[PDB]
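Participant:
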Amino acid sequence: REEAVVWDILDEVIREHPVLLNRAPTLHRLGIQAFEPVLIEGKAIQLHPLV
Amino acid sequence: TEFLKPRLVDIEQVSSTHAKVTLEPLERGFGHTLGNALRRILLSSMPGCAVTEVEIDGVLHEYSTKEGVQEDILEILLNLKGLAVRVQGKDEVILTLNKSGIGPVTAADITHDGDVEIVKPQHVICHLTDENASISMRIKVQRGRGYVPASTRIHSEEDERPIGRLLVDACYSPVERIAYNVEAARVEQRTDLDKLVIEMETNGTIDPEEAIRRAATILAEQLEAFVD
Amino acid sequence: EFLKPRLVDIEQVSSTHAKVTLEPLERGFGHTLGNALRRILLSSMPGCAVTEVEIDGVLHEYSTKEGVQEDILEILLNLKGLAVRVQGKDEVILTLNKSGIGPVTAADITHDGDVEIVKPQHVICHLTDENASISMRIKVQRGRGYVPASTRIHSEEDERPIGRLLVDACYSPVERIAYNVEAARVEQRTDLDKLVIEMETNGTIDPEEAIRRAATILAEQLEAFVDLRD
Amino acid sequence: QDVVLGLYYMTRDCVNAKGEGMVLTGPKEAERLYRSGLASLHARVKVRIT
Amino acid sequence: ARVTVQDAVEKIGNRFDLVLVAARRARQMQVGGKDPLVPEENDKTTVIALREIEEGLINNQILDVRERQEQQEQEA
Amino acid sequence: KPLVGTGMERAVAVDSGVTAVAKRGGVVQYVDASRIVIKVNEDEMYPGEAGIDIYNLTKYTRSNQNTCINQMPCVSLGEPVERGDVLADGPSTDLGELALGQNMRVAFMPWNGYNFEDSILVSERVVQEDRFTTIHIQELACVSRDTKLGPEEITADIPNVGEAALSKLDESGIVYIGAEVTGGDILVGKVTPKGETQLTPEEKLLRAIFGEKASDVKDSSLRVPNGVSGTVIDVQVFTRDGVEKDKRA
Amino acid sequence: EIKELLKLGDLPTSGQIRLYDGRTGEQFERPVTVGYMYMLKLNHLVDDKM
Ligand SMILES: Nc1nc2c(ncn2[C@@H]2O[C@H](COP(=O)(O)OP(=O)(O)O)[C@@H](OP(=O)(O)OP(=O)(O)O)[C@H]2O)c(=O)[nH]1
Numbered sequence: 001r002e003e004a005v006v007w008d009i010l011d012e013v014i015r016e017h018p019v020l021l022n023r024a025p026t027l028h029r030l031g032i033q034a035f036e037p038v039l040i041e042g043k044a045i046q047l048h049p050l051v
Numbered sequence: 052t053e054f055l056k057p058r059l060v061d062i063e064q065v066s067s068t069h070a071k072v073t074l075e076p077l078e079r080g081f082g083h084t085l086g087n088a089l090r091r092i093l094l095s096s097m098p099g100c101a102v103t104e105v106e107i108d109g110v111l112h113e114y115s116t117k118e119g120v121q122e123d124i125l126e127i128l129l130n131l132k133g134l135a136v137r138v139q140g141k142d143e144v145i146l147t148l149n150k151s152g153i154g155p156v157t158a159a160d161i162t163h164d165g166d167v168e169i170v171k172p173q174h175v176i177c178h179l180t181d182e183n184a185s186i187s188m189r190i191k192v193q194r195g196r197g198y199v200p201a202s203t204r205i206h207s208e209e210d211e212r213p214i215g216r217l218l219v220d221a222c223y224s225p226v227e228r229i230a231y232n233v234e235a236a237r238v239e240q241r242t243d244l245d246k247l248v249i250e251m252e253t254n255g256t257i258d259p260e261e262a263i264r265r266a267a268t269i270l271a272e273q274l275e276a277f278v279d
Numbered sequence: 280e281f282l283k284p285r286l287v288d289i290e291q292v293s294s295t296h297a298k299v300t301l302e303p304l305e306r307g308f309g310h311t312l313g314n315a316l317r318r319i320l321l322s323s324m325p326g327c328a329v330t331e332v333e334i335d336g337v338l339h340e341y342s343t344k345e346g347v348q349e350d351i352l353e354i355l356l357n358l359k360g361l362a363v364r365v366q367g368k369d370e371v372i373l374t375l376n377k378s379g380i381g382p383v384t385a386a387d388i389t390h391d392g393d394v395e396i397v398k399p400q401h402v403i404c405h406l407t408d409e410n411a412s413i414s415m416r417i418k419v420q421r422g423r424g425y426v427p428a429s430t431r432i433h434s435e436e437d438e439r440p441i442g443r444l445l446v447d448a449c450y451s452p453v454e455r456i457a458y459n460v461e462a463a464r465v466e467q468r469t470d471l472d473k474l475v476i477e478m479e480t481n482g483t484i485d486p487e488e489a490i491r492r493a494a495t496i497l498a499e500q501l502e503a504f505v506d507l508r509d
Numbered sequence: 510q511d512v513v514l515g516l517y518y519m520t521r522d523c524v525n526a527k528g529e530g531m532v533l534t535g536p537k538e539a540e541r542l543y544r545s546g547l548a549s550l551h552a553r554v555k556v557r558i559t
Numbered sequence: 560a561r562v563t564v565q566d567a568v569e570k571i572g573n574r575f576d577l578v579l580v581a582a583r584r585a586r587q588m589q590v591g592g593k594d595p596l597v598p599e600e601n602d603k604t605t606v607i608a609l610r611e612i613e614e615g616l617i618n619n620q621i622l623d624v625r626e627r628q629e630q631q632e633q634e635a
Numbered sequence: 636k637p638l639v640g641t642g643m644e645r646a647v648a649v650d651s652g653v654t655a656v657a658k659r660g661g662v663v664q665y666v667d668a669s670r671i672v673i674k675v676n677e678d679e680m681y682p683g684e685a686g687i688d689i690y691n692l693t694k695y696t697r698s699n700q701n702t703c704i705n706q707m708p709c710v711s712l713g714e715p716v717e718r719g720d721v722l723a724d725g726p727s728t729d730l731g732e733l734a735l736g737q738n739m740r741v742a743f744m745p746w747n748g749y750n751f752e753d754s755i756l757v758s759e760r761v762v763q764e765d766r767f768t769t770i771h772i773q774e775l776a777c778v779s780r781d782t783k784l785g786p787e788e789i790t791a792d793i794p795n796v797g798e799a800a801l802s803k804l805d806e807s808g809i810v811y812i813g814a815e816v817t818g819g820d821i822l823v824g825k826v827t828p829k830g831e832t833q834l835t836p837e838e839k840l841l842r843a844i845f846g847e848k849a850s851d852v853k854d855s856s857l858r859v860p861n862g863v864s865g866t867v868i869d870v871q872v873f874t875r876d877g878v879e880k881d882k883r884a
Numbered sequence: 885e886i887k888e889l890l891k892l893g894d895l896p897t898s899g900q901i902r903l904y905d906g907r908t909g910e911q912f913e914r915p916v917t918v919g920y921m922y923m924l925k926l927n928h929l930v931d932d933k934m
């Protein structure tokens, strides 16, 4: 059903847990990096431009 | 129909002159409408008091040097530009500096008058050397709104006044710096809402909270004609 | 030491197009009010729009009626634009019933007291058969901003009737807004400016009421903002 | 790429603009001057910096 | 300290057994045999263990010495 | 339509078979969103029984990629048309011309790094008007085979499902045409024979206590894929020869 | 020929016009190229890729 309570629990679990982002041609060790996730609307992943 | 009014407006004043203000949650898009309205009115149209003109008894042009003052006339002009004066009743007053001897001529050395208050008695103005150390000047303080550069007065100064009358940029608005950041903030289910971070540094005379408050007051008062 | 802007002549060039002027504006607030008003006008002006449509012989948007040329989907798209002014109630159910060959325009809608059809000439559909007859019920609500079909499902409330056809609600009558700050040299004064707000709408909100409503909303937000309870 | 363009534009100098030869008491005042439209974002100037 | 672990590496120069020490501490916290030595900021036990390592309050020596201390206490 | 074309777009549109083109030009007698009926000119009329030409159009059928392929009539009652005129516009076609996409007002400038790289920023105004909204017609298939444990059935009786989910099925167990569904919803009710549960002891205890008679039938109904929501536009039923068709069939 | 046709429309012959920043209301320096381009929505839809 996914009511507000589920979103609060998800927010609390996600807080300090980091996730790994990878791009199919991992040329060097920086092809895999870990980031702290921020929940957002939409179906697209937003990554910081500089990296 | 029915709008959303913001709650939880916390203000952490690090360094009494520096105040950060957080404001949420606001309907979509109003972050920038209020940030900009506030900034523009606050910065450009704010009643204040400031030094406008200066007279040195000794020199005819602002690029010459006076004997025994290490700082050039430019430096003393800039030191006077920053000087924060708050007058209660009178609109324009003429302050005099007469100092002698070795050491730093500071704002404290101004003649202590009734209606004029110097918020920083220890603000450095000039450094005077030894054994000659003669400094005399007349600084004019006037009240006005906003920022007026010297170049427009010198342009429109058809009333020619005698030599030595060195114009300085009049910084009336007591707000030295202001900016607003808009950031994503969601009210438990609506994500299309925003947070306003207002960082403001003023120059002592007015406390930041009062600056914000009177700015918004005057804007609303202008708006007064239409609000039903 | 300030002045204040008073609403002076408010000319209407066309039924949709109107220019509203504010004469005694102090230097520097021309742009501030121009922009603030523009923003509020475009974003928050409450308007009316069709929310849902029920046609009898049609289960879903994709089928087709005998004797009409537009598809059901095109009839929905045409109804989305229907500009209507409702005074008292929030939810009106208009009934359109026409037969025979001819273009069924909005004027054929059964005229209720409280509803004003701004442009009765607006076309809806084209019949092509002597005996072809369409009947429908259009449910029109009041609302502000933009709500799509898919979000409104939250309030489903037993949508059981398969005949109900949801339409995206563009609940906003203001189409376009521009402002011009021009020096309004009054014979006794130094630095005053005039605001000329040119606004184009679908012909639902009258200009004066629009400007007033915007000023109201901005004033309320500034009310909350001036007081600071740390 | 975009960043570098922005910074290049911001820092680049121009022969003549608004506020040629003004003396500003600090960077915050510089920013106040630019945001008020009393000076172009790039124009040669004498500034006090610590 | 969920930005840069530089101070923990300045405390422990290996930069690898750091993660093992932090894991031992944070698992000692998860299975509630112990309690946090730092006021929590709604953080999880990972960054809590990092914060405990970086301030010099906890390292390998304090874990082993205090562990055998509590063990010998629990012997009775 | 393209504002800036090359002239070839009419050749491309006509030459494809998606447009409907007049074979003997004449006058359009009857126009409907399903057929265009045209009376041929006396000139081109074959001597023995020429009569009129009727063009049946194709309405939303599923394309190989699941996109919509529907033709809309262009001309109106009483329009005179010539041999080789464009009667009905195919998908992505306007008045005979190729209209692959749509033309928008673009401004070349950096807007706070939201178009940093080749990414594109877009205004709510385009979505408001629904000008880039696509229709996709997906196909789903529920097949009832006969296992050696017993033939499966399509009945609506689905063990331990809430009747809220059943509400949208007829007595035959097939969604009503035009019902709006969402991911997870049941489209075709189907049950499969399965026995020898071999429940674990504790389950035996629970069955004893509460009286939970275990139903020997597994659930199989064809539910909608995750995150898809639309209207059931059409249904087809194929029964093998021999079996007794059901009410809906 | 484009210049001519643009003149027939009563539009700036250089094809750039000054734009005002919709958030703040300030004008942009250096007018920017605006105009209509024909764009396409490709079959690579995020709805499927996620
Ligand atoms: N990249 C970047 N980081 C910023 C910026 N401003 C603040 N930070 C860092 O982000 C963290 C802020 O987190 P908090 O203020 O504690 O609030 P939180 O609950 O969301 O984590 C701080 O690091 P921290 O995890 O708290 O480190 P530490 O001080 O605990 O060791 C801070 O140093 C910034 O402008 N850019």
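Quick note, the sequences are listed as chains G, Z, B, X, C, P and F, same order.
Take my numbering: the last position of the first sequence gets the number 51, and nothing is skipped along the way.
Take my numbering: the last position of the second sequence gets the number 279, and nothing is skipped along the way.
Take my numbering: the last position of the third sequence gets the number 509, and nothing is skipped along the way.
Take my numbering: the last position of the fourth sequence gets the number 559, and nothing is skipped along the way.
Take my numbering: the last position of the fifth sequence gets the number 635, and nothing is skipped along the way.
Take my numbering: the last position of the sixth sequence gets the number 884, and nothing is skipped along the way.
Take my numbering: the last position of the seventh sequence gets the number 934, and nothing is skipped along the way.
C-beta atoms are modelled at their ideal positions from N, C-alpha and C, and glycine is treated no differently.
With 8 Å as the limit, tell me which residues of the region 900-927 of chain F have their beta carbon closer than that to any beta carbon of chain P; keep them in chain order.
Facilitator: Listed by position along the chain: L903, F912, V916, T917, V918, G919, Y920, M921, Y922, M923, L924, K925, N927.
Participant: Check whether the Cβ of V562 (chain C) lies closer than 7 Å to any heavy atom of ligand 1, and answer yes or no.
Facilitator: Flag set: Cβ of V562 (chain C) near ligand 1.
Participant: Considering only DSSP beta bridges, list what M97 (chain Z) is partnered with.
Facilitator: Partner(s): none; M97 (chain Z) has no beta bridge.
Participant: I'd like the span of the alpha helix (DSSP H) that includes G381 (chain B), first residue to last.
Facilitator: Element bounds for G381 (chain B): not the alpha helix (DSSP H) but the beta strand (DSSP E), 381-384.
Participant: Would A44 (chain G) pass as an interface residue toward chain Z - the criterion being a Cβ-Cβ separation below 8 Å?
Facilitator: So no, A44 (chain G) is outside the interface.
Participant: Please report whether the beta-carbon of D522 (chain X) lies at a distance below 8 Å from any beta-carbon of chain P.
Facilitator: Chain P contact via Cβ: absent.
Participant: With a Cβ-Cβ cutoff of 8 Å, do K473 (chain B) and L286 (chain B) count as a contact?
Facilitator: Cβ distance not < 8 Å, so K473 (chain B) and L286 (chain B) don't count as in contact.
Participant: Should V136 (chain Z) and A101 (chain Z) be called a contact, given that it needs their Cβ atoms to be closer than 8 Å?
Facilitator: Yes, these two residues count as a Cβ contact at 8 Å.
Participant: Can you grab the Cα-Cα spacing for the pair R627 (chain C) / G31 (chain G), in whole Å?
Facilitator: Approximately 43 Å between the Cα atoms of the pair.
Participant: Looking at the strands, I want to know which residues DSSP matches up with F35 (chain G).
Facilitator: Looking at the DSSP assignment, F35 (chain G) forms a beta bridge with G:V19.
Participant: Exposed or buried, which one is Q706 (chain P) when buried takes at least 16 other CB atoms within 10 Å?
Facilitator: Classification of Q706 (chain P): buried, given that the 10 Å Cβ count is 16 or more.
Participant: Cα separation between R883 (chain P) and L804 (chain P)?
Facilitator: Going from the Cα of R883 (chain P) to the Cα of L804 (chain P) covers about 11 Å.
Participant: If we cut at 8 Å on Cβ distances, does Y665 (chain P) have a partner in chain B?
Facilitator: Yes, its Cβ sits closer than 8 Å to a Cβ of chain B.
Participant: Just checking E12 (chain G) against ligand 3 - is the residue's beta carbon closer than 7 Å to any of the ligand's heavy atoms?
Facilitator: This structure does not include ligand 3; its bound ligands are ligand 1.
Participant: For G152 (chain Z) and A201 (chain Z), which I take to be in contact (beta-carbon distance under 8 Å), what is that distance rounded to the nearest angstrom?
Facilitator: 31 Å between Cβ atoms; not a contact.
Participant: Would you say residue 885 (chain P) faces chain F, with C-beta separation under 8 Å as the test?
Facilitator: As displayed, chain P neither begins before 636 nor continues past 884, which places residue 885 (chain P) out of reach and without an answer.
Participant: Listing by chain order, which chain Z residues have their CB less than 7 Å from the CB of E36 (chain G)?
Facilitator: Here the premise fails: no neighbours, minimum Cβ distance about 16 Å.
Participant: With 16 as the cutoff for other CB atoms within 10 Å, does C222 (chain Z) come out buried or exposed?
Facilitator: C222 (chain Z) should be labelled buried.
Participant: Here's the rule I'm using: 16 or more other beta-carbon atoms within 10 Å means buried, otherwise exposed. How should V51 (chain G) be labelled?
Facilitator: By the 10 Å Cβ count, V51 (chain G) comes out exposed.
Participant: Excluding the 5 residues preceding and the 5 following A800 (chain P) in the sequence, name in chain order all residues of the same chain whose CB lies nearer than 7 Å to its CB.
Facilitator: Taken in chain order, the residues that qualify are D820, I821.
Participant: Whole angstroms is fine: what's the gap from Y665 (chain P)'s alpha carbon to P325 (chain B)'s?
Facilitator: Cα-Cα distance, rounded: 44 Å.
Participant: Could you tell me the boundaries of the beta strand (DSSP E) in which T480 (chain B) lies?
Facilitator: It spans 471-480 - the beta strand (DSSP E) in which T480 (chain B) sits, taken as one unbroken run.
Participant: Would you say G731 (chain P) and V649 (chain P) are within 8 Å of each other, going by their C-beta atoms?
Facilitator: Yes; because the gap between Cβ atoms is below 8 Å, this pair is in contact.
Participant: So is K603 (chain C) in contact with chain G if we call contact Cβ pairs under 8 Å?
Facilitator: Taking Cβ atoms only, chain G reaches closer than 8 Å to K603 (chain C), which makes this a yes.
Participant: Cβ of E487 (chain B) within 7 Å of any heavy atom in ligand 1?
Facilitator: Outside the cutoff, so no.
Participant: Does DSSP classify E454 (chain B) as helix, strand or coil?
Facilitator: Strand.
Participant: Could you check whether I190 (chain Z) and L146 (chain Z) sit closer than 8 Å to each other, using their CB atoms as the reference points?
Facilitator: Contact: yes.
Participant: Assuming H178 (chain Z) is part of the beta strand (DSSP E), what are its boundary residues?
Facilitator: Here the beta strand (DSSP E) through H178 (chain Z) covers 175-179.
Participant: Output, in sequence order along the chain, the residues in the region 729-746 of chain P whose CB is closer than 8 Å to any CB in chain F.
Facilitator: The residues in question are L735, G736, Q737, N738, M739, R740, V741, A742, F743, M744.
Participant: Would a check of beta-carbon distances place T769 (chain P) closer than 8 Å to chain B?
Facilitator: By this cut-off, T769 (chain P) is not an interface position.
Participant: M188 (chain Z) by DSSP, collapsed to three states: which one?
Facilitator: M188 (chain Z) falls in the strand class under three-state DSSP.
Participant: Does the beta carbon of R610 (chain C) come closer than 8 Å to any beta carbon on chain G?
Facilitator: False, the Cβ-Cβ gap to chain G never drops below 8 Å.
Participant: Out of P:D881, P:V662, P:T768, which has the shortest C-alpha to C-alpha gap to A791 (chain P)?
Facilitator: Out of P:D881, P:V662, P:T768, P:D881 has the C-alpha closest to the C-alpha of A791 (chain P).
Participant: Could you name the residues that DSSP lists as bridge partners for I704 (chain P)?
Facilitator: For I704 (chain P), which the question treats as bridged, DSSP gives the partners P:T696.
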